[PDB]
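Enquirer: My questions will all concern the structure given below.
Number of protein chains: 2
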Amino acid sequence: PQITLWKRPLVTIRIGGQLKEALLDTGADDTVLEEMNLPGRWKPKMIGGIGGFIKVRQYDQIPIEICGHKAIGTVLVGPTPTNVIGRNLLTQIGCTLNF
Amino acid sequence: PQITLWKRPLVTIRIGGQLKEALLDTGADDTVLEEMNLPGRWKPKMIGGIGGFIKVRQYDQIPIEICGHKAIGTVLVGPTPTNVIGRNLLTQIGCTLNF
Ligand SMILES: Cc1c(O)cccc1C(=O)N[C@@H](CSc1ccccc1)[C@H](O)CN1C[C@H]2CCCC[C@H]2C[C@H]1C(=O)NC(C)(C)C
Numbered sequence: 491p492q493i494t495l496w497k498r499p500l501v502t503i504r505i506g507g508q509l510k511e512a513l514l515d516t517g518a519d520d521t522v523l524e525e526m527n528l529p530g531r532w533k534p535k536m537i538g539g540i541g542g543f544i545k546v547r548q549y550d551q552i553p554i555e556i557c558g559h560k561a562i563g564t565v566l567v568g569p570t571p572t573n574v575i576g577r578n579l580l581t582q583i584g585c586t587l588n589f
Numbered sequence: 491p492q493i494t495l496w497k498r499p500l501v502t503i504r505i506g507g508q509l510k511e512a513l514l515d516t517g518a519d520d521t522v523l524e525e526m527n528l529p530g531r532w533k534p535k536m537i538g539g540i541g542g543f544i545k546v547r548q549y550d551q552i553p554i555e556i557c558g559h560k561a562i563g564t565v566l567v568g569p570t571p572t573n574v575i576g577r578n579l580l581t582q583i584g585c586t587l588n589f
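Line order of the protein sequences matches chains A and B. For the first sequence, UniProt numbering gives the first residue as 491, with consecutive numbering after it. For the second sequence, UniProt numbering gives the first residue as 491, with consecutive numbering after it.
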């Protein structure tokens, strides 16, 4: 689909069998979701943006269906202000910026 | 143009006739530029990123050419590690997300 930016580019995702809403974020290198439980082992990591750094749980090779498109990759879980789908997964679904 | 997301979508922007590299960021509601001594009045504002809020100076109706496309709007200046072009300006240059 083609998405304009007059409003936040929010989309529904399926992860761990549960539906969630997330923001398609070209400015984020990684995908970061609010605290939640996910199958498998995770590794402690830290990521930063504006405002500073936060501690997250790194889960690898996690399947996520984004607006009907399949992706399987790294998902960071932590106290992020909101769910963000970063470039690591945006590239998997063939998402590009156009103007 | 079409910009893929294999690497950070950094483009050249012109503000004050000067050139800077900035990130096309669909996840940002606002445009936040690294500290720069812009002239004129401004209003204090707090913007929140992944690691918390930072204080910025809000400048209104500032001309900004993004990768050759002209825009004009609100630009926030503060201690961000990277220049970010948010939806407030991305919409002006007709930028969309596609997949
Ligand atoms: C700058 C800005 C605004 O002016 C208004 C609203 C949000 C933001 C904002 O920082 N949005 C961010 C998403 S994280 C997010 C946080 C809160 C609400 C929605 C999204 C940016 O799109 C992405 N953001 C762009 C950029 C911000 C300056 C530092 C270098 C990158 C860091 C990157 C980022 O945070 N990456 C993570 C991997 C940690 C997620």
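Think of the CB as a built atom: it goes at the ideal place given N, C-alpha and C, for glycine as much as any other residue.
What does DSSP give as the partner residues of B:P534 in its beta bridges?
Expert: The residue you call residue 534 of chain B lines up with position 44 of the second sequence. Answer by DSSP bridge pairing, in chain order: B:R547.
Enquirer: Following the continuous alpha helix (DSSP H) through B:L580, name the residue where it begins and the one where it ends.
Expert: Counting from 1 along the second sequence, the entry for residue 580 of chain B is found at position 90. Its alpha helix (DSSP H) spans residues 577-580.
Enquirer: Closest Cβ-Cβ distance between A:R531 and chain B: below 8 Å?
Expert: Counting from 1 along the first sequence, the entry for residue 531 of chain A is found at position 41. It does not: the Cβ of A:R531 has no partner Cβ on chain B nearer than 8 Å.
Enquirer: Which first and last residues belong to the beta strand (DSSP E) in which A:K560 is found?
Expert: Locating residue 560 of chain A in the first sequence gives position 70, counting from the first residue. Looking at the DSSP string, the run of the beta strand (DSSP E) that includes A:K560 is 559-567.
Enquirer: Can you list the residues of chain B that A:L495 reaches, using a CB-CB cut of under 8 Å?
Expert: Here the question's residue 495 of chain A lines up with position 5 in the first sequence. Within 8 Å Cβ-Cβ: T516, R577, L580, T581, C585, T586, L587.
Enquirer: For the beta strand (DSSP E) holding A:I505, just list the boundary residues, first then last.
Expert: In the first sequence, the residue the question calls residue 505 of chain A occupies position 15. Counting along the chain, the beta strand (DSSP E) containing A:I505 begins and ends at 500-505.
Enquirer: Compare the C-alpha of A:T564 against each of A:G584, A:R577, A:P571 and name the closest.
Expert: Numbered from 1 along the first sequence, position 74 holds the residue referred to as residue 564 of chain A. The option with the nearest alpha carbon to A:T564 is A:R577.
Enquirer: Nearest by alpha-carbon distance to A:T570: which of A:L509, A:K545, A:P534, A:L580 is it?
Expert: Residue mapping note: residue 570 of chain A aligns to position 80 of the first sequence, counting from 1. Taking only the C-alpha atoms, the option nearest A:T570 is A:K545.
Enquirer: Examine the Cβ distances between the region 502-513 of chain A and the region 548-555 of chain A and report whether three or more of them are shorter than 8 Å.
Expert: Because the criterion of three Cβ pairs below 8 Å is met, the region 502-513 of chain A and the region 548-555 of chain A touch.
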